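Everything below concerns the one structure shown next.
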Amino acid sequence: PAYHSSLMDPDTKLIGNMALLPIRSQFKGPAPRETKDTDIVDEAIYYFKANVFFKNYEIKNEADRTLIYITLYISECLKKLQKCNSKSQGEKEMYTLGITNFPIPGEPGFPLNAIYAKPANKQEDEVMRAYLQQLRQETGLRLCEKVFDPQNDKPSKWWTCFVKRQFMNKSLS
Amino acid sequence: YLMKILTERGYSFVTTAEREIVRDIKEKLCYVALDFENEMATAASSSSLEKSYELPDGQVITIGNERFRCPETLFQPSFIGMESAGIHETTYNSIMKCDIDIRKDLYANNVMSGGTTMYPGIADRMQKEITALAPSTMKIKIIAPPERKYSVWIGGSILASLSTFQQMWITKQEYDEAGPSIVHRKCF
Amino acid sequence: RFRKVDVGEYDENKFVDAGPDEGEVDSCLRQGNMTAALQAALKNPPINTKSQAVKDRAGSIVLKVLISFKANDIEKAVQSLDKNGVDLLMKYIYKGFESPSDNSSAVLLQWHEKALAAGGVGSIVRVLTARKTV
Amino acid sequence: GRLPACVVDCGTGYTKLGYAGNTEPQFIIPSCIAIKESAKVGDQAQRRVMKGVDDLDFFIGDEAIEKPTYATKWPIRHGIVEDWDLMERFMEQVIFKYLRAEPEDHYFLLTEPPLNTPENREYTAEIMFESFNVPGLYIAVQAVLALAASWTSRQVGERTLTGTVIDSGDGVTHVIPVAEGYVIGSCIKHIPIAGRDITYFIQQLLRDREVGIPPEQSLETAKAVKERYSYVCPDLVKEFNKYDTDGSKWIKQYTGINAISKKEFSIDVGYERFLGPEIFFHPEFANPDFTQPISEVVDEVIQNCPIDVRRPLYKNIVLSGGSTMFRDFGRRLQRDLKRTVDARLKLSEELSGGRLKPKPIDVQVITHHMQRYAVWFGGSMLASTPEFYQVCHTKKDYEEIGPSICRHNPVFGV
Amino acid sequence: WXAXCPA
Amino acid sequence: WXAXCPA
Amino acid sequence: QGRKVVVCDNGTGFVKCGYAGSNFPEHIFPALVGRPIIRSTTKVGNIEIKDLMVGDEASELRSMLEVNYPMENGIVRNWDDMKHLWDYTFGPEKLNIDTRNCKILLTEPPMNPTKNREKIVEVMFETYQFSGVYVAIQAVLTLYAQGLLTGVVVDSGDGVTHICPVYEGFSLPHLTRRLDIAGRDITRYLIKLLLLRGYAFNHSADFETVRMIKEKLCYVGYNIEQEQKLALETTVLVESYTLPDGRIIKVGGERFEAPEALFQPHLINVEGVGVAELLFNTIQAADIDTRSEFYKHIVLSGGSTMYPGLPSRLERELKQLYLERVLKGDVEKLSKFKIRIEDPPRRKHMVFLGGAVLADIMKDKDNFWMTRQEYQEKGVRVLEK
Ligand SMILES: Nc1ncnc2c1ncn2[C@@H]1O[C@H](COP(=O)(O)OP(=O)(O)O)[C@@H](O)[C@H]1O
Ligand SMILES: Nc1ncnc2c1ncn2[C@@H]1O[C@H](COP(=O)(O)OP(=O)(O)O)[C@@H](O)[C@H]1O
Ligand SMILES: [Mg+2]
Ligand SMILES: [Mg+2]
């Protein structure tokens, strides 16, 4: 709520309802490359340590939806990564989690589906599919580089303690 | 009336504390207008008449036409809805009811007192109105001492200091024997 | 200091809206014909009279007549009466019932029980809803 | 040689105790009360009905914690009390064992939260007048006692009645302004979050972020808050990344002692060093119903009272109460209030132009001793005043009118 | 309102 | 006043 | 012109719209605005929602909305919010009217700053480009629904109360006064009190929740002493209401003292004198020939006056004032004094009736409105009064 989204210029495009904010990633998708390290995922990770505590979130701008979705997916990523053993194993788990079929907005199985829009045309469906897949892959690559530490090669308790603190009291599952 | 108009401007005051505040505001930032219509027109060009006052809380209030509007109620009682006449009209009627010969003396001498007549320019407006109403063949003079607030007290002190007045007092013995009605006959 | 005073001085009508004797009762008592004593006691009720004297006289006489009875002929005394007489009776017993002291409880309770056995709840209803000061 | 009266400040947390005309509350004990209850099943038609003298077979105070065969059952819960029989038992135990004061020849002053319903006060006064037969009684809100105690901070001789107090509590912290002795009735708000639910959140987070503690000795572990272990934080995310970056020097360690097997157990200290105390300005973390800060509540309550009193009130905010002991609390509150009030002044000036410049509103927070207890000294001065002996409700007043004499409240009137 | 009361 | 005007 | 006119009362709490010559309003909706919000406590999205939603839909779906009020006391706070509300009501699903060839009637509250009127008229002339508009006072809009040329109005509603006595038709501006009491405030107070009872409430949506509870349970008394003694000596007046979530709450004493603030503004930190006392003072301050006529004819207008028992309390208070401040307790002369409060059954909406009847006969002649042409000139405004 108080710590809402930022870095959203009006020139940013959209896909039905979401804001197609560029994300820098070595992978491929319908997104451009931004030279600056700052992006949606960086801010989401930066603010996730506090967004969970709050119990409300006003969607001041469209990027708020992106922040909500990324944090919601990060919750599941942390839940699945708590049982990790090796950095390679964690990367493998995150990759196989990114290449999945999760409830797309506008379809059943998706929380707070009322806020999000329901795509109608065919092309926007796969556009959103690819965008969300790219976001998931980037989030997985970003978590693996800080969740683990050079010593003990295990998920830090500090980063998995929030496993039970499901955002808005519920997760994708 | 000042509270009512301050409401029309956008500032609200109801309780007695704000009554004292508005009383101070009027005491500090009010004056009379020689010509009402000309002042209203100049207010239409509101770039040199508005003034600001600092409230106890720090809020600043800008007052424009209200400075010269409320005092005009004295000359125009119809603003409040009273079916009467202004001070100029009442004084003219009172002087006319007097004998013809003493009218000249009354015109030549016009003493004013009280805390409601300290507005700058009031004397000039009264003089202009009286001369306009009165025939334009004699001279009308307005005397406005700068200490009219305490004129009554000064007069009372001087009267008490008078030797001849030391016997006009009313004592307990005569009051008790006669009764409360004595004061009625004492100089009306 | 306003609402303090009542304003209930309205005009709409807030519903603005033959005594007994003693010698005959005494003669019946001394003669022993208790039924005649009770009948005389119930006769000439103060249905239309505004004075505490007749009210207290009727209450005292009916109480004294009732007290002297025994718990064998009460049923016979009640039976030899009309329904309106039973209602007037029950009203008299209720009126004298408030009278405390002098052990004027048990006999009144038995009389009330017999009246209920005969008069029924209708007597209770009539006594309760009778603005008539009897 | 008149006997002094008795001063008591009952409440949900540590109950203050002592006599009037003294500079230190001699006895400060929790509200924990023992009882010889066990496992009956018929517990809703005979709660206890202890046979013989077993009814009084219960301890009290700090000695009641270390009795592992009874039940530690707190009677109070943020002012409101469900069953007051335990309260009466505690009151008799204290007056006799600890105070040793005869009620029939002493005067008792009691303190209750402002939100206490009239029924509770009426019935407790009835209980007192019936059992203890106290000649006089008086109940008042604790804000004025705190204001009186605040004079000791500086310039006692300089009379200063205006101000406002935001007191803490085990289950309640309230806001009450004072305007030259007379408080405002409608400008009072009750905050449910207090210094207890904070510890609940601390222990809830700790039970997952760390292991190595026993279930029994949890609260003693959760009481790192009462230690130097919590600092407030002008910014939240900044310190979050500070910890997540270094995470070496800012982390502290715990070296508590087990109370059963006498085996040392240790756990590190993490984000809870600031989150707990920060919950005061972000109550939404614990209580979802009350999503409302404190400083803005202070400004709102100070902005709902006459103009002539708004100015001096901001100048006098008293730091009194246990939950307010957190460091840098005053700085945060002062800065936030100054920011909001300056913004309001600028907005007011923007609409009406002018080359003037109003003198800036001054907001100052005062730090002093007496923060842990600011009600006891107020009660002592209450008792020392002769007028107290005259205002106190008398026996005959309760004799036939009833216990309604104690029903007077500062936020009621017809 | 602007001065006095909120509105 | 008593009749006419308040005072 | 199109011979089409729509009458609206863009008040504070509720907004009513309708066409002229209509017995009852066609559409009634409240002034609710709120951006979408997700509460982590409970509940998630079920049906469709939009970024900005207002109207009746808010009254049903406030659970997931940050409901806020744009206007209070009849004064402008949020220009954009009112613009959005006007766009919504003027859209093709609420009114569906052609701005360029339509006329409207506005009823602004008496004794309000001219800035609000200037802003609203300028907005209507520029953003929507209405050919002509008008502004009227509640006095005509009320007294004109039953054929009364003289009376005193005690119009009370969301915001502030107001009074506008009229004798033989001609206005009496110097005998109108304003007080800071209304339904919203009675609400803030039902709230401090149920809080005491021990319930925690917010200021986002539960403010609308307590509306129904106040509508059903809340009532005003005849004598404060008798009712208070009854409350403290008995518990039959206890009643409850089923909350949307199924929760049950008890309210037996707080439901009675909330309306008492109207006659005792002291309860809510206001140096008021009371509605009845204010009316008596206003009547007395006037001339003499008008006092009796004002007392004989009096109206109780506004939806906030629909409380059960208000007429009895008012008449009793007025009689007490007449007894104490005039007759000094002489009850004998008090019998002949007569009062007949005018309480039409349609007290929920009477201003709309007045506007409709006005437009019925004041439509053919074009010399009544502020026509669009005059706007383009300077030295303008204050066209009529
Ligand atoms: N130095 C401290 N640091 C942190 N918390 C403290 C400190 N002292 C007291 N507290 C907290 O404040 C609470 C007691 O405040 P208090 O008002 O005296 O209880 P009560 O409401 O019964 O008077 C305790 O629960 C405690 O957790
Ligand atoms: N039955 C009622 N009981 C109490 N208050 C009511 C009732 N009906 C309306 N109100 C109050 O009156 C207020 C608005 O009344 P209303 O006069 O119709 O507004 P408007 O002046 O814009 O037409 C509402 O905010 C509401 O609080
Ligand atoms: Mg406390
Ligand atoms: Mg209306």
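Please note that chains go A, B, ... in the order of the structure tokens, that every chain numbers its residues from 1, and that ligands are numbered from 1 in the order shown.
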Interface, chain D side, toward chain G (10 Å; only C-alpha atoms) as a ChimeraX atom specification: /D:80,114-117,184-192,287-292,304-306,411-414
Show me which residues sit within 12 Å of ligand 4 when counting only C-alpha atoms and all ligand atoms, and put them as a PyMOL selection string. chain G and resi 8-17+28+30-31+73-74+106-110+137-138+141-142+155-162+301-305+347-355
As a PDB file with C-alpha atoms, in the first residue's frame, list the residues of segment 170-386 of chain D assigned to strand (DSSP E or B) by DSSP on the backbone atoms of this structure.
```pdb
ATOM      1  CA  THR D 173      -2.267   3.324  24.321  1.00  0.00           C
ATOM      2  CA  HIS D 174      -4.503   6.391  24.276  1.00  0.00           C
ATOM      3  CA  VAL D 175      -4.309  10.026  23.193  1.00  0.00           C
ATOM      4  CA  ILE D 176      -5.703  12.755  25.448  1.00  0.00           C
ATOM      5  CA  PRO D 177      -5.084  16.527  25.196  1.00  0.00           C
ATOM      6  CA  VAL D 178      -5.218  19.010  28.063  1.00  0.00           C
ATOM      7  CA  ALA D 179      -6.227  22.659  27.592  1.00  0.00           C
ATOM      8  CA  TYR D 182      -9.858  21.198  31.007  1.00  0.00           C
ATOM      9  CA  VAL D 183      -9.560  18.321  28.536  1.00  0.00           C
ATOM     10  CA  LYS D 189      -9.349   8.186  20.338  1.00  0.00           C
ATOM     11  CA  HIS D 190      -8.647   4.644  21.530  1.00  0.00           C
ATOM     12  CA  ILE D 191      -5.825   2.650  19.923  1.00  0.00           C
ATOM     13  CA  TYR D 231      15.791   0.950  17.755  1.00  0.00           C
ATOM     14  CA  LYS D 252      23.260  -9.478  17.563  1.00  0.00           C
ATOM     15  CA  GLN D 253      23.143 -12.666  19.630  1.00  0.00           C
ATOM     16  CA  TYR D 254      21.117 -13.965  22.571  1.00  0.00           C
ATOM     17  CA  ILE D 257      19.394 -19.431  30.299  1.00  0.00           C
ATOM     18  CA  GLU D 264      22.450 -22.580  27.713  1.00  0.00           C
ATOM     19  CA  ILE D 267      19.852 -17.451  18.940  1.00  0.00           C
ATOM     20  CA  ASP D 268      20.770 -14.539  16.695  1.00  0.00           C
ATOM     21  CA  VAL D 269      18.905 -11.228  16.425  1.00  0.00           C
ATOM     22  CA  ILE D 317       3.852  16.378  23.992  1.00  0.00           C
ATOM     23  CA  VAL D 318       4.864  14.210  26.949  1.00  0.00           C
ATOM     24  CA  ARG D 327      14.872   5.130  21.231  1.00  0.00           C
ATOM     25  CA  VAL D 365       9.037  16.399  21.966  1.00  0.00           C
ATOM     26  CA  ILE D 366      10.311  16.237  25.553  1.00  0.00           C
TER      27      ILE D 366
END
```
Give the residues close to ligand 1, within 10 Å, counting only C-alpha atoms and all ligand atoms; write them as a ChimeraX atom specification. /D:9-16,28-31,76-79,111-113,142,167-173,194-199,222-230,276-277,320-327,371-375
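Neighbouring residues of residue 4 of chain F at 10 Å or closer, counting only C-alpha atoms and skipping chain neighbours under 5 positions away, are residues 284, 285, 286, 287 and 288 of chain G.
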Just write the chosen residues, N, CA and C atoms, as an mmCIF file, in the first residue's frame.
```
data_model
loop_
_atom_site.group_PDB
_atom_site.id
_atom_site.type_symbol
_atom_site.label_atom_id
_atom_site.label_comp_id
_atom_site.auth_asym_id
_atom_site.auth_seq_id
_atom_site.Cartn_x
_atom_site.Cartn_y
_atom_site.Cartn_z
ATOM 1 N N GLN G 284 -38.262 35.052 16.987
ATOM 2 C CA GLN G 284 -38.393 36.198 17.880
ATOM 3 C C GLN G 284 -37.670 37.421 17.327
ATOM 4 N N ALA G 285 -36.493 37.222 16.727
ATOM 5 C CA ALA G 285 -35.713 38.340 16.211
ATOM 6 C C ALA G 285 -36.393 39.055 15.053
ATOM 7 N N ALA G 286 -37.422 38.460 14.459
ATOM 8 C CA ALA G 286 -38.123 39.073 13.339
ATOM 9 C C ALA G 286 -39.091 40.131 13.863
ATOM 10 N N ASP G 287 -39.970 40.614 12.990
ATOM 11 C CA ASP G 287 -41.025 41.520 13.411
ATOM 12 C C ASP G 287 -42.098 40.736 14.163
ATOM 13 N N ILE G 288 -43.204 41.408 14.462
ATOM 14 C CA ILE G 288 -44.264 40.783 15.241
ATOM 15 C C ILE G 288 -45.349 40.176 14.359
#
```
Shell around residue 147 of chain A at 10 Å using only C-alpha atoms, local window under 2 positions removed, as a list in words: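 Once the adjacent positions are removed, what remains is residues 78, 81, 82, 87, 90, 142, 143, 144, 145, 149, 153, 154, 155, 156, 157, 158, 159 and 160 of chain A.
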Written file, previous selection with C-alpha atoms, as a JSON list (two decimals), in the first residue's frame:
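Below is the file that was written, result20.json:
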```
[["chain", "number", "residue", "atom", "x", "y", "z"],
["A", 78, "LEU", "CA", 10.81, -19.24, -2.29],
["A", 81, "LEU", "CA", 13.45, -23.37, -3.19],
["A", 82, "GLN", "CA", 13.52, -23.81, 0.60],
["A", 87, "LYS", "CA", 23.11, -23.84, -6.58],
["A", 90, "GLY", "CA", 18.21, -24.45, -7.34],
["A", 142, "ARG", "CA", 17.55, -13.10, -10.08],
["A", 143, "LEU", "CA", 16.64, -15.06, -6.94],
["A", 144, "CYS", "CA", 19.32, -17.73, -7.37],
["A", 145, "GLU", "CA", 22.10, -15.10, -7.24],
["A", 149, "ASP", "CA", 25.47, -17.62, -0.16],
["A", 153, "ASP", "CA", 25.43, -23.70, 0.04],
["A", 154, "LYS", "CA", 21.90, -23.74, 1.45],
["A", 155, "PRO", "CA", 18.91, -21.38, 1.32],
["A", 156, "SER", "CA", 19.42, -18.73, 3.98],
["A", 157, "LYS", "CA", 16.81, -18.91, 6.72],
["A", 158, "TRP", "CA", 16.40, -15.13, 6.40],
["A", 159, "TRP", "CA", 15.11, -15.54, 2.84],
["A", 160, "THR", "CA", 12.86, -18.58, 3.40]]
```
Between atom CA of residue 73 of chain C and atom CA of residue 37 of chain C, distance in Å (one decimal):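 According to the coordinates, atom CA of residue 73 of chain C and atom CA of residue 37 of chain C are separated by 13.6 Å.
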Should the cut-off be 8 Å, what would the residue list for chain B against chain G look like, counting only C-alpha atoms, as a list in words?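 So the contacting residues turn out to be residues 7, 8, 9, 10, 15, 80 and 81 of chain B.
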May I have the residues from that selection written out with N, CA and C atoms, as a PDB file, in the first residue's frame?
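Output contents, as saved in again39.pdb:
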```pdb
ATOM      1  N   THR B   7     -18.480  34.661   5.936  1.00  0.00           N
ATOM      2  CA  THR B   7     -18.968  33.375   5.452  1.00  0.00           C
ATOM      3  C   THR B   7     -19.113  33.367   3.934  1.00  0.00           C
ATOM      4  N   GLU B   8     -19.633  34.451   3.348  1.00  0.00           N
ATOM      5  CA  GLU B   8     -19.805  34.473   1.899  1.00  0.00           C
ATOM      6  C   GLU B   8     -18.460  34.448   1.185  1.00  0.00           C
ATOM      7  N   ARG B   9     -17.427  35.033   1.790  1.00  0.00           N
ATOM      8  CA  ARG B   9     -16.092  34.953   1.210  1.00  0.00           C
ATOM      9  C   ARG B   9     -15.538  33.536   1.198  1.00  0.00           C
ATOM     10  N   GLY B  10     -15.771  32.760   2.254  1.00  0.00           N
ATOM     11  CA  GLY B  10     -15.243  31.420   2.387  1.00  0.00           C
ATOM     12  C   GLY B  10     -14.697  31.105   3.763  1.00  0.00           C
ATOM     13  N   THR B  15     -18.579  30.375  16.921  1.00  0.00           N
ATOM     14  CA  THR B  15     -18.531  30.452  18.372  1.00  0.00           C
ATOM     15  C   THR B  15     -18.039  31.828  18.828  1.00  0.00           C
ATOM     16  N   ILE B  80     -29.108  44.938   7.149  1.00  0.00           N
ATOM     17  CA  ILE B  80     -29.492  43.958   8.163  1.00  0.00           C
ATOM     18  C   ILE B  80     -30.985  43.682   8.173  1.00  0.00           C
ATOM     19  N   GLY B  81     -31.775  44.470   7.450  1.00  0.00           N
ATOM     20  CA  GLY B  81     -33.212  44.302   7.419  1.00  0.00           C
ATOM     21  C   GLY B  81     -33.981  45.169   8.388  1.00  0.00           C
TER      22      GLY B  81
END
```
Please provide as a VMD selection string all residues within 10 Å of residue 9 of chain C, with the sequence filter that same-chain residues fewer than 6 positions apart are discarded (counting only C-alpha atoms). chain G and resid 331 to 332 334 to 335
Restrict the selected residues to N, CA and C atoms and save them as a PDB file, in the first residue's frame.
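The file below, result_8.pdb, is the result:
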```pdb
ATOM      1  N   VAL G 331     -49.443  28.595  32.337  1.00  0.00           N
ATOM      2  CA  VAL G 331     -49.924  27.546  31.444  1.00  0.00           C
ATOM      3  C   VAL G 331     -51.306  27.877  30.895  1.00  0.00           C
ATOM      4  N   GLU G 332     -52.122  28.607  31.659  1.00  0.00           N
ATOM      5  CA  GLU G 332     -53.505  28.833  31.254  1.00  0.00           C
ATOM      6  C   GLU G 332     -53.581  29.514  29.893  1.00  0.00           C
ATOM      7  N   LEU G 334     -51.387  29.344  27.632  1.00  0.00           N
ATOM      8  CA  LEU G 334     -50.654  28.557  26.649  1.00  0.00           C
ATOM      9  C   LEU G 334     -51.540  27.592  25.874  1.00  0.00           C
ATOM     10  N   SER G 335     -52.765  27.347  26.341  1.00  0.00           N
ATOM     11  CA  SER G 335     -53.594  26.308  25.735  1.00  0.00           C
ATOM     12  C   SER G 335     -53.928  26.629  24.283  1.00  0.00           C
TER      13      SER G 335
END
```
Which neighbours of segment 30-45 of chain B fall inside 12 Å, counting only C-alpha atoms, when residues of the same chain fewer than 2 positions from it are skipped, and could you give them as a VMD selection string? (chain B and resid 2 22 to 28 47 to 51 53 63 to 76 116 to 129) or (chain G and resid 379 to 380)
Where does chain F meet chain G within 9 Å, residue by residue, with the nearest atom pair and distance in Å to one decimal for each, counting only C-alpha atoms, listed by chain and rising number, as JSON lines?
```
{"residue": "F:2", "atom": "CA", "partner": "G:326", "partner_atom": "CA", "distance": 8.7}
{"residue": "F:4", "atom": "CA", "partner": "G:288", "partner_atom": "CA", "distance": 8.0}
{"residue": "F:5", "atom": "CA", "partner": "G:285", "partner_atom": "CA", "distance": 6.7}
{"residue": "F:6", "atom": "CA", "partner": "G:285", "partner_atom": "CA", "distance": 7.2}
```
Let's have the selection written as a PDB file, in the first residue's frame, with N, CA and C atoms.
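Writing the result to again.pdb gives the following:
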```
ATOM      1  N   UNK F   2     -38.314  43.613  26.847  1.00  0.00           N
ATOM      2  CA  UNK F   2     -39.211  42.529  27.199  1.00  0.00           C
ATOM      3  C   UNK F   2     -40.081  42.374  26.020  1.00  0.00           C
ATOM      4  N   UNK F   4     -40.546  43.514  21.959  1.00  0.00           N
ATOM      5  CA  UNK F   4     -39.816  44.234  20.939  1.00  0.00           C
ATOM      6  C   UNK F   4     -38.354  43.986  21.138  1.00  0.00           C
ATOM      7  N   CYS F   5     -37.518  43.713  20.131  1.00  0.00           N
ATOM      8  CA  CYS F   5     -36.096  43.493  20.409  1.00  0.00           C
ATOM      9  C   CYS F   5     -35.943  42.502  21.543  1.00  0.00           C
ATOM     10  N   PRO F   6     -34.758  41.901  21.732  1.00  0.00           N
ATOM     11  CA  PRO F   6     -34.417  40.919  22.766  1.00  0.00           C
ATOM     12  C   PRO F   6     -34.143  41.614  24.075  1.00  0.00           C
TER      13      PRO F   6
END
```
So that I can check the surroundings of residue 38 of chain G, please list as a list in words every protein, DNA and RNA residue that reaches within 10 Å of it, counting only C-alpha atoms and ignoring chain neighbours fewer than 3 positions away.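 Result of the neighbour search: residues 1, 55, 56, 57, 58, 59, 112, 115 and 168 of chain A; 41, 42, 43, 44, 45, 63, 64, 65 and 66 of chain G.
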Can you spit out the residues from that selection as a PDB file, in the first residue's frame, using N, CA, C and O atoms?
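The result, written out as out.pdb:
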```pdb
ATOM      1  N   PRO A   1       0.814  -1.215   0.000  1.00  0.00           N
ATOM      2  CA  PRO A   1       0.000   0.000   0.000  1.00  0.00           C
ATOM      3  C   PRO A   1       0.849   1.267   0.000  1.00  0.00           C
ATOM      4  O   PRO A   1       0.911   1.967  -1.011  1.00  0.00           O
ATOM      5  N   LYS A  55      -1.035  -5.397   4.618  1.00  0.00           N
ATOM      6  CA  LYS A  55      -2.241  -6.167   4.342  1.00  0.00           C
ATOM      7  C   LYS A  55      -3.162  -5.463   3.349  1.00  0.00           C
ATOM      8  O   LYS A  55      -4.340  -5.818   3.243  1.00  0.00           O
ATOM      9  N   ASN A  56      -2.649  -4.478   2.616  1.00  0.00           N
ATOM     10  CA  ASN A  56      -3.439  -3.776   1.614  1.00  0.00           C
ATOM     11  C   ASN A  56      -2.508  -3.291   0.514  1.00  0.00           C
ATOM     12  O   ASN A  56      -1.298  -3.154   0.714  1.00  0.00           O
ATOM     13  N   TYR A  57      -3.084  -3.037  -0.660  1.00  0.00           N
ATOM     14  CA  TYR A  57      -2.300  -2.530  -1.785  1.00  0.00           C
ATOM     15  C   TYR A  57      -3.238  -1.823  -2.750  1.00  0.00           C
ATOM     16  O   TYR A  57      -4.029  -2.477  -3.436  1.00  0.00           O
ATOM     17  N   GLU A  58      -3.142  -0.498  -2.808  1.00  0.00           N
ATOM     18  CA  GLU A  58      -3.901   0.295  -3.765  1.00  0.00           C
ATOM     19  C   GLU A  58      -3.125   0.372  -5.072  1.00  0.00           C
ATOM     20  O   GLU A  58      -1.939   0.717  -5.078  1.00  0.00           O
ATOM     21  N   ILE A  59      -3.793   0.051  -6.176  1.00  0.00           N
ATOM     22  CA  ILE A  59      -3.127   0.001  -7.489  1.00  0.00           C
ATOM     23  C   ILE A  59      -3.180   1.420  -8.043  1.00  0.00           C
ATOM     24  O   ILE A  59      -4.053   1.798  -8.828  1.00  0.00           O
ATOM     25  N   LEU A 112      -7.440 -12.756  -7.315  1.00  0.00           N
ATOM     26  CA  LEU A 112      -7.765 -11.369  -7.637  1.00  0.00           C
ATOM     27  C   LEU A 112      -8.003 -11.184  -9.132  1.00  0.00           C
ATOM     28  O   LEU A 112      -7.676 -10.135  -9.696  1.00  0.00           O
ATOM     29  N   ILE A 115      -9.523  -7.786 -10.652  1.00  0.00           N
ATOM     30  CA  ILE A 115      -8.746  -6.589 -10.960  1.00  0.00           C
ATOM     31  C   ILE A 115      -8.177  -6.671 -12.369  1.00  0.00           C
ATOM     32  O   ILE A 115      -8.238  -5.702 -13.138  1.00  0.00           O
ATOM     33  N   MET A 168      -1.216 -11.286   0.404  1.00  0.00           N
ATOM     34  CA  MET A 168      -2.678 -11.172   0.472  1.00  0.00           C
ATOM     35  C   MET A 168      -3.315 -12.438   1.042  1.00  0.00           C
ATOM     36  O   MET A 168      -4.463 -12.766   0.734  1.00  0.00           O
TER      37      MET A 168
ATOM     38  N   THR G  41      -6.898  -9.193   4.305  1.00  0.00           N
ATOM     39  CA  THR G  41      -7.638  -9.864   5.368  1.00  0.00           C
ATOM     40  C   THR G  41      -8.458 -11.023   4.815  1.00  0.00           C
ATOM     41  O   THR G  41      -8.245 -12.184   5.183  1.00  0.00           O
ATOM     42  N   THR G  42      -9.396 -10.727   3.921  1.00  0.00           N
ATOM     43  CA  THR G  42     -10.315 -11.737   3.414  1.00  0.00           C
ATOM     44  C   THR G  42     -10.841 -11.291   2.058  1.00  0.00           C
ATOM     45  O   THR G  42     -10.680 -10.137   1.653  1.00  0.00           O
ATOM     46  N   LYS G  43     -11.469 -12.234   1.357  1.00  0.00           N
ATOM     47  CA  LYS G  43     -12.164 -11.944   0.109  1.00  0.00           C
ATOM     48  C   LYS G  43     -11.186 -11.674  -1.027  1.00  0.00           C
ATOM     49  O   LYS G  43     -10.135 -11.058  -0.823  1.00  0.00           O
ATOM     50  N   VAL G  44     -11.530 -12.138  -2.228  1.00  0.00           N
ATOM     51  CA  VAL G  44     -10.746 -11.902  -3.434  1.00  0.00           C
ATOM     52  C   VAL G  44     -11.707 -11.598  -4.576  1.00  0.00           C
ATOM     53  O   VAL G  44     -12.927 -11.702  -4.439  1.00  0.00           O
ATOM     54  N   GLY G  45     -11.137 -11.216  -5.716  1.00  0.00           N
ATOM     55  CA  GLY G  45     -11.931 -10.852  -6.873  1.00  0.00           C
ATOM     56  C   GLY G  45     -12.873 -11.948  -7.326  1.00  0.00           C
ATOM     57  O   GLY G  45     -12.474 -13.111  -7.444  1.00  0.00           O
ATOM     58  N   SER G  63     -17.086  -3.636  -0.709  1.00  0.00           N
ATOM     59  CA  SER G  63     -16.172  -4.499   0.032  1.00  0.00           C
ATOM     60  C   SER G  63     -14.746  -4.374  -0.491  1.00  0.00           C
ATOM     61  O   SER G  63     -13.795  -4.290   0.293  1.00  0.00           O
ATOM     62  N   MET G  64     -14.579  -4.353  -1.814  1.00  0.00           N
ATOM     63  CA  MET G  64     -13.268  -4.300  -2.447  1.00  0.00           C
ATOM     64  C   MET G  64     -12.955  -2.920  -3.018  1.00  0.00           C
ATOM     65  O   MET G  64     -12.236  -2.812  -4.018  1.00  0.00           O
ATOM     66  N   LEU G  65     -13.475  -1.861  -2.401  1.00  0.00           N
ATOM     67  CA  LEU G  65     -13.299  -0.505  -2.898  1.00  0.00           C
ATOM     68  C   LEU G  65     -12.890   0.423  -1.764  1.00  0.00           C
ATOM     69  O   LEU G  65     -13.233   0.201  -0.599  1.00  0.00           O
ATOM     70  N   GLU G  66     -12.145   1.469  -2.123  1.00  0.00           N
ATOM     71  CA  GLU G  66     -11.751   2.518  -1.185  1.00  0.00           C
ATOM     72  C   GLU G  66     -12.731   3.676  -1.350  1.00  0.00           C
ATOM     73  O   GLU G  66     -12.434   4.705  -1.957  1.00  0.00           O
TER      74      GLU G  66
END
```
Kindly provide, as a PyMOL selection string, the residues of chain B having any atom no farther than 10 Å from an atom of chain E, counting only C-alpha atoms. chain B and resi 7+9-14+18+59-61
Could you pull out all residues of chain A with a DSSP call of alpha helix (DSSP H) and give them as a PyMOL selection string? chain A and resi 40-51+63-81+87-98+122-147+157-160
